[PDB]
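Undergrad: Next comes final09.csv, CSV, N, CA and C atoms:
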chain,number,residue,atom,x,y,z
A,1,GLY,N,-86.1,238.5,253.6
A,1,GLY,CA,-85.8,237.1,253.7
A,1,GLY,C,-86.0,236.4,252.3
A,2,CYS,N,-85.2,235.5,252.0
A,2,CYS,CA,-85.3,234.8,250.7
A,2,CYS,C,-85.3,233.3,250.8
A,3,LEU,N,-85.2,232.6,249.7
A,3,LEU,CA,-85.2,231.1,249.8
A,3,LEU,C,-83.8,230.6,250.0
A,4,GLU,N,-83.5,229.4,249.5
A,4,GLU,CA,-82.1,228.9,249.6
A,4,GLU,C,-81.4,229.0,248.3
A,5,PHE,N,-80.2,228.4,248.2
A,5,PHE,CA,-79.5,228.5,246.9
A,5,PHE,C,-80.0,227.4,245.9
A,6,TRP,N,-81.1,226.8,246.2
A,6,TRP,CA,-81.6,225.7,245.3
A,6,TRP,C,-83.1,225.5,245.6
A,7,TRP,N,-83.8,226.5,245.8
A,7,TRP,CA,-85.3,226.3,246.0
A,7,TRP,C,-86.1,226.6,244.8
A,8,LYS,N,-87.3,226.1,244.7
A,8,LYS,CA,-88.1,226.4,243.4
A,8,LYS,C,-88.0,227.8,243.1
A,9,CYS,N,-88.2,228.2,241.9
A,9,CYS,CA,-88.2,229.6,241.5
A,9,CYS,C,-88.9,229.9,240.2
A,10,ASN,N,-89.0,231.2,239.9
A,10,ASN,CA,-89.6,231.6,238.6
A,10,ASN,C,-89.2,233.0,238.2
A,11,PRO,N,-88.7,233.1,237.0
A,11,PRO,CA,-88.2,234.4,236.5
A,11,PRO,C,-89.3,235.4,236.4
A,12,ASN,N,-90.5,234.9,236.6
A,12,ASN,CA,-91.7,235.9,236.6
A,12,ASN,C,-92.2,236.0,238.0
A,13,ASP,N,-91.5,235.4,239.0
A,13,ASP,CA,-92.0,235.5,240.4
A,13,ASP,C,-91.1,234.6,241.3
A,14,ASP,N,-89.8,234.8,241.2
A,14,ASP,CA,-88.9,234.0,242.1
A,14,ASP,C,-88.6,234.7,243.4
A,15,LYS,N,-87.9,234.1,244.3
A,15,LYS,CA,-87.6,234.7,245.6
A,15,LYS,C,-86.3,234.2,246.2
A,16,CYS,N,-85.5,233.5,245.4
A,16,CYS,CA,-84.2,233.0,245.9
A,16,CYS,C,-83.3,234.2,246.4
A,17,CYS,N,-82.5,234.0,247.4
A,17,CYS,CA,-81.7,235.1,247.9
A,17,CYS,C,-81.0,235.8,246.7
A,18,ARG,N,-80.8,237.1,246.8
A,18,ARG,CA,-80.1,237.8,245.6
A,18,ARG,C,-78.7,238.2,245.9
A,19,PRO,N,-78.0,237.5,246.8
A,19,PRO,CA,-76.6,237.8,247.0
A,19,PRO,C,-75.7,237.3,245.9
A,20,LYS,N,-76.2,236.3,245.3
A,20,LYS,CA,-75.4,235.7,244.2
A,20,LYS,C,-76.1,234.4,243.6
A,21,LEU,N,-77.4,234.5,243.4
A,21,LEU,CA,-78.1,233.3,242.8
A,21,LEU,C,-79.2,233.7,241.8
A,22,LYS,N,-79.7,232.8,241.1
A,22,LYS,CA,-80.8,233.1,240.1
A,22,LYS,C,-81.6,231.8,239.8
A,23,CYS,N,-82.8,231.9,239.6
A,23,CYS,CA,-83.6,230.7,239.2
A,23,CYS,C,-82.9,229.9,238.1
A,24,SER,N,-83.2,228.7,238.1
A,24,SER,CA,-82.5,227.8,237.0
A,24,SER,C,-83.5,226.9,236.4
A,25,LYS,N,-83.7,227.0,235.1
A,25,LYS,CA,-84.6,226.1,234.4
A,25,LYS,C,-84.1,224.6,234.5
A,26,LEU,N,-82.8,224.4,234.6
A,26,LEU,CA,-82.3,223.0,234.6
A,26,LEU,C,-83.1,222.2,235.5
A,27,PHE,N,-83.6,222.7,236.6
A,27,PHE,CA,-84.5,221.9,237.5
A,27,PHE,C,-85.6,222.8,238.1
A,28,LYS,N,-85.8,223.9,237.7
A,28,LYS,CA,-86.9,224.8,238.2
A,28,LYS,C,-86.5,225.3,239.6
A,29,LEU,N,-85.2,225.3,239.9
A,29,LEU,CA,-84.7,225.8,241.2
A,29,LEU,C,-83.8,226.9,241.1
A,30,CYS,N,-83.4,227.6,242.1
A,30,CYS,CA,-82.5,228.8,242.0
A,30,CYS,C,-81.0,228.3,242.2
A,31,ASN,N,-80.1,228.8,241.4
A,31,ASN,CA,-78.7,228.4,241.6
A,31,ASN,C,-77.8,229.4,240.9
A,32,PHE,N,-76.5,229.3,241.1
A,32,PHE,CA,-75.5,230.2,240.4
A,32,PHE,C,-74.1,229.8,240.9
A,33,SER,N,-73.7,230.3,242.0
A,33,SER,CA,-72.3,230.0,242.5
A,33,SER,C,-72.4,229.1,243.8
A,34,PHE,N,-73.1,229.5,244.8
A,34,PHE,CA,-73.2,228.7,246.0
A,34,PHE,C,-74.4,229.1,246.8
Go ahead and express the file in the form of structure tokens.
TA:
Amino acid sequence: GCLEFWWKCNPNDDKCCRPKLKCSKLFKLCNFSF
């Protein structure tokens, strides 16, 4: 199970779904395509 396409995250300990997303420093949340 993972988080959403825009949940808090950390490149040293994130958990956003990995189907097509990645943490984003822009707001400290995970994002990428959708």
Undergrad: Edge lengths and centre, in Å to one decimal, as lines of an AutoDock Vina configuration file: that's what I need for the box along x, y and z that holds all listed atoms of range 15-19 of chain A plus 6 Å on each side.
TA:
center_x = -81.8
center_y = 235.6
center_z = 246.1
size_x = 24.2
size_y = 17.2
size_z = 15.6
Undergrad: Quick one: pull the distance between CA of residue 23 in chain A and CA of residue 9 in chain A, Å, one decimal.
TA: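 Taking CA of residue 23 in chain A as the start and CA of residue 9 in chain A as the end point, the length is 5.3 Å.
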Undergrad: Excluding range 12-20 of chain A and its own-chain neighbours fewer than 4 positions away, which residues fall within 6 Å of it when counting only C-alpha atoms? Please give them as an mmCIF file with N, CA and C atoms, in the frame of the given file.
TA:
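Output contents, as saved in out_38.cif:
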data_model
loop_
_atom_site.group_PDB
_atom_site.id
_atom_site.type_symbol
_atom_site.label_atom_id
_atom_site.label_comp_id
_atom_site.auth_asym_id
_atom_site.auth_seq_id
_atom_site.Cartn_x
_atom_site.Cartn_y
_atom_site.Cartn_z
ATOM 1 N N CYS A 2 -85.200 235.500 252.000
ATOM 2 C CA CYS A 2 -85.300 234.800 250.700
ATOM 3 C C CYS A 2 -85.300 233.300 250.800
ATOM 4 N N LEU A 3 -85.200 232.600 249.700
ATOM 5 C CA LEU A 3 -85.200 231.100 249.800
ATOM 6 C C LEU A 3 -83.800 230.600 250.000
ATOM 7 N N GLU A 4 -83.500 229.400 249.500
ATOM 8 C CA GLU A 4 -82.100 228.900 249.600
ATOM 9 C C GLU A 4 -81.400 229.000 248.300
ATOM 10 N N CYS A 30 -83.400 227.600 242.100
ATOM 11 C CA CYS A 30 -82.500 228.800 242.000
ATOM 12 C C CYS A 30 -81.000 228.300 242.200
#
Undergrad: Assign secondary structure with DSSP using the backbone only, and return the residues of chain A in strand (DSSP E or B) as an MDAnalysis selection string.
TA: chainID A and resid 8 21:24 29:32
Undergrad: Working from the structure I just supplied, which lacks atoms in range 6-27 of chain A, can you model N, CA, C and O atoms there and output them as a PDB file, keeping the file's coordinate frame?
TA:
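Output (selection_7.pdb):
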ATOM      1  N   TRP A   6     -81.100 226.800 246.200  1.00  0.00           N
ATOM      2  CA  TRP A   6     -81.600 225.700 245.300  1.00  0.00           C
ATOM      3  C   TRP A   6     -83.100 225.500 245.600  1.00  0.00           C
ATOM      4  O   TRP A   6     -83.534 224.355 245.632  1.00  0.00           O
ATOM      5  N   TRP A   7     -83.800 226.500 245.800  1.00  0.00           N
ATOM      6  CA  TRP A   7     -85.300 226.300 246.000  1.00  0.00           C
ATOM      7  C   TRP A   7     -86.100 226.600 244.800  1.00  0.00           C
ATOM      8  O   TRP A   7     -85.637 227.289 243.873  1.00  0.00           O
ATOM      9  N   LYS A   8     -87.300 226.100 244.700  1.00  0.00           N
ATOM     10  CA  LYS A   8     -88.100 226.400 243.400  1.00  0.00           C
ATOM     11  C   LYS A   8     -88.000 227.800 243.100  1.00  0.00           C
ATOM     12  O   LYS A   8     -87.728 228.654 243.965  1.00  0.00           O
ATOM     13  N   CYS A   9     -88.200 228.200 241.900  1.00  0.00           N
ATOM     14  CA  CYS A   9     -88.200 229.600 241.500  1.00  0.00           C
ATOM     15  C   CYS A   9     -88.900 229.900 240.200  1.00  0.00           C
ATOM     16  O   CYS A   9     -89.395 229.062 239.564  1.00  0.00           O
ATOM     17  N   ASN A  10     -89.000 231.200 239.900  1.00  0.00           N
ATOM     18  CA  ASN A  10     -89.600 231.600 238.600  1.00  0.00           C
ATOM     19  C   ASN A  10     -89.200 233.000 238.200  1.00  0.00           C
ATOM     20  O   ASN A  10     -89.271 233.927 238.955  1.00  0.00           O
ATOM     21  N   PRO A  11     -88.700 233.100 237.000  1.00  0.00           N
ATOM     22  CA  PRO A  11     -88.200 234.400 236.500  1.00  0.00           C
ATOM     23  C   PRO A  11     -89.300 235.400 236.400  1.00  0.00           C
ATOM     24  O   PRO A  11     -89.086 236.579 236.301  1.00  0.00           O
ATOM     25  N   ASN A  12     -90.500 234.900 236.600  1.00  0.00           N
ATOM     26  CA  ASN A  12     -91.700 235.900 236.600  1.00  0.00           C
ATOM     27  C   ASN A  12     -92.200 236.000 238.000  1.00  0.00           C
ATOM     28  O   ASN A  12     -93.113 236.768 238.291  1.00  0.00           O
ATOM     29  N   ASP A  13     -91.500 235.400 239.000  1.00  0.00           N
ATOM     30  CA  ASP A  13     -92.000 235.500 240.400  1.00  0.00           C
ATOM     31  C   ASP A  13     -91.100 234.600 241.300  1.00  0.00           C
ATOM     32  O   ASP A  13     -91.556 233.790 242.017  1.00  0.00           O
ATOM     33  N   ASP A  14     -89.800 234.800 241.200  1.00  0.00           N
ATOM     34  CA  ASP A  14     -88.900 234.000 242.100  1.00  0.00           C
ATOM     35  C   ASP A  14     -88.600 234.700 243.400  1.00  0.00           C
ATOM     36  O   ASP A  14     -89.107 235.773 243.675  1.00  0.00           O
ATOM     37  N   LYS A  15     -87.900 234.100 244.300  1.00  0.00           N
ATOM     38  CA  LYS A  15     -87.600 234.700 245.600  1.00  0.00           C
ATOM     39  C   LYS A  15     -86.300 234.200 246.200  1.00  0.00           C
ATOM     40  O   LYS A  15     -85.997 234.349 247.365  1.00  0.00           O
ATOM     41  N   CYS A  16     -85.500 233.500 245.400  1.00  0.00           N
ATOM     42  CA  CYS A  16     -84.200 233.000 245.900  1.00  0.00           C
ATOM     43  C   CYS A  16     -83.300 234.200 246.400  1.00  0.00           C
ATOM     44  O   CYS A  16     -83.343 235.237 245.796  1.00  0.00           O
ATOM     45  N   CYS A  17     -82.500 234.000 247.400  1.00  0.00           N
ATOM     46  CA  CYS A  17     -81.700 235.100 247.900  1.00  0.00           C
ATOM     47  C   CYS A  17     -81.000 235.800 246.700  1.00  0.00           C
ATOM     48  O   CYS A  17     -80.738 235.148 245.692  1.00  0.00           O
ATOM     49  N   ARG A  18     -80.800 237.100 246.800  1.00  0.00           N
ATOM     50  CA  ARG A  18     -80.100 237.800 245.600  1.00  0.00           C
ATOM     51  C   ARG A  18     -78.700 238.200 245.900  1.00  0.00           C
ATOM     52  O   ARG A  18     -78.203 239.092 245.253  1.00  0.00           O
ATOM     53  N   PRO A  19     -78.000 237.500 246.800  1.00  0.00           N
ATOM     54  CA  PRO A  19     -76.600 237.800 247.000  1.00  0.00           C
ATOM     55  C   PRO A  19     -75.700 237.300 245.900  1.00  0.00           C
ATOM     56  O   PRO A  19     -74.618 237.727 245.694  1.00  0.00           O
ATOM     57  N   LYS A  20     -76.200 236.300 245.300  1.00  0.00           N
ATOM     58  CA  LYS A  20     -75.400 235.700 244.200  1.00  0.00           C
ATOM     59  C   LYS A  20     -76.100 234.400 243.600  1.00  0.00           C
ATOM     60  O   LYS A  20     -75.464 233.396 243.339  1.00  0.00           O
ATOM     61  N   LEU A  21     -77.400 234.500 243.400  1.00  0.00           N
ATOM     62  CA  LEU A  21     -78.100 233.300 242.800  1.00  0.00           C
ATOM     63  C   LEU A  21     -79.200 233.700 241.800  1.00  0.00           C
ATOM     64  O   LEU A  21     -79.489 234.870 241.720  1.00  0.00           O
ATOM     65  N   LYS A  22     -79.700 232.800 241.100  1.00  0.00           N
ATOM     66  CA  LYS A  22     -80.800 233.100 240.100  1.00  0.00           C
ATOM     67  C   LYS A  22     -81.600 231.800 239.800  1.00  0.00           C
ATOM     68  O   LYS A  22     -80.992 230.776 239.607  1.00  0.00           O
ATOM     69  N   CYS A  23     -82.800 231.900 239.600  1.00  0.00           N
ATOM     70  CA  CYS A  23     -83.600 230.700 239.200  1.00  0.00           C
ATOM     71  C   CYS A  23     -82.900 229.900 238.100  1.00  0.00           C
ATOM     72  O   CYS A  23     -82.145 230.483 237.348  1.00  0.00           O
ATOM     73  N   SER A  24     -83.200 228.700 238.100  1.00  0.00           N
ATOM     74  CA  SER A  24     -82.500 227.800 237.000  1.00  0.00           C
ATOM     75  C   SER A  24     -83.500 226.900 236.400  1.00  0.00           C
ATOM     76  O   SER A  24     -84.069 226.031 237.083  1.00  0.00           O
ATOM     77  N   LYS A  25     -83.700 227.000 235.100  1.00  0.00           N
ATOM     78  CA  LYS A  25     -84.600 226.100 234.400  1.00  0.00           C
ATOM     79  C   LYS A  25     -84.100 224.600 234.500  1.00  0.00           C
ATOM     80  O   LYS A  25     -84.901 223.671 234.427  1.00  0.00           O
ATOM     81  N   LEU A  26     -82.800 224.400 234.600  1.00  0.00           N
ATOM     82  CA  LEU A  26     -82.300 223.000 234.600  1.00  0.00           C
ATOM     83  C   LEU A  26     -83.100 222.200 235.500  1.00  0.00           C
ATOM     84  O   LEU A  26     -83.350 221.003 235.269  1.00  0.00           O
ATOM     85  N   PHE A  27     -83.600 222.700 236.600  1.00  0.00           N
ATOM     86  CA  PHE A  27     -84.500 221.900 237.500  1.00  0.00           C
ATOM     87  C   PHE A  27     -85.600 222.800 238.100  1.00  0.00           C
ATOM     88  O   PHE A  27     -86.270 222.330 239.061  1.00  0.00           O
TER      89      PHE A  27
END
